[PDB]
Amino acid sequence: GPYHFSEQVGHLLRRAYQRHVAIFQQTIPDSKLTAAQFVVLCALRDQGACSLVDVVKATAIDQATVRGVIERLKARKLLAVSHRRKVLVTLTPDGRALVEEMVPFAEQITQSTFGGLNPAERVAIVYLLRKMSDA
């Protein structure tokens, strides 16, 4: 009859996300990188120099988090920032090196994330998530 939160799609997205992030933490050597940091670095590797809303657009991460992430990555010298109200952001060579070094592990993470799902299941979930985030 009533509400069961555990069987609701919204909750089941959180678990699946959360599970993905935990897998990412186990799999990435020595908490070198958070998942958000990795995503921002990838966006920069693929796209090139970006504004802040470029990075938000690219990564689907809220602006306040991205600002934080860029600051931490600036500190670690993995990216560069430059002006005069608007800023650019660009990979440093260590930046790109770290990304390249982690991309073999990120592949691992994907398989793990898909879990028990069989190949038809894998296609189906990706189809459904695409169809969900789009519309």
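Numbers for residues come from their place in the sequence shown, where the first is 1.
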query: Unmodelled deposited residues between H83 and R84, binned; finding: 4 to 9
query: Higher-B stretch (mean Cα B-factor, as the entry records it), 84-92 or 55-63; finding: 84-92
query: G115, C-alpha B-factor rank within chain (lowest, middle or highest third); finding: middle
query: Within-chain third of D30 by Cα B-factor, per the entry; finding: highest
query: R45, C-alpha B-factor rank within chain (lowest, middle or highest third); finding: lowest
query: Position of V39 among the chain's modelled residues by C-alpha B-factor, lowest, middle or highest third; finding: lowest
query: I109 CA temperature factor, ranked by third within the chain; finding: lowest
